[PDB]
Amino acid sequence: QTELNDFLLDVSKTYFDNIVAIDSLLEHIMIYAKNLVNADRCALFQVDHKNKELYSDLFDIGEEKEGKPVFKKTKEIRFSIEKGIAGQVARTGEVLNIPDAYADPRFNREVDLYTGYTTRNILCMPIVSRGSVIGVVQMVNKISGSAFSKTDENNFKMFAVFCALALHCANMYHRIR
């Protein structure tokens, strides 16, 4: 498959070109994941450990630059770590596939209520560093599907491990110069 080939080429280009590949890798990971699972949107939240909140970092608003997504850089979406599918994953490190967001009692509707967007489906995974969840990535809304499929979910679990290993490798490289 062309897209995977293309992504593996993008990951090595990334390590070849960058001092600290992490950000480029995470963005490439999210963009590749989005297209693979056919999600309408995605996000990266950071965990504010100090305050026990999540806040937005990258927030896809469906805006595209020449075929591939651009994300909005904004910290404005901020809420308690006790709320939402994002909160659940920030607290436990689980990778979740929620087929019906509004049916799930953990879902935090406050974001939809604010944006006017309607969230139907969520794949949610942690970003992990040094034994802690430091961040959360979501894919939102299966395009013309009723939910993210079991294949989707398994591919996303694989991306969670990919990211845990990428962060570990980055922490490890940083130690040698």
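Counting begins at 1, following the sequence as shown.
- On average the C-alpha atoms of 76-84 have higher B-factors than those of the other stretch, with 76-84 and 93-101 being the two compared.
- Between 126-134 and 28-36, the higher mean Cα B-factor belongs to 28-36.
- Out of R41, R109, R120, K65, the entry records its largest CA B-factor for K65.
- Residue set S146, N51, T115, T151: peak C-alpha B-factor at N51 (per PDB entry).
- When all modelled residues of the chain are sorted by CA temperature factor, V20 is found within the middle third.
- In the deposited entry, the Cα temperature factor of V140 places it in the lowest third of its chain's modelled residues.
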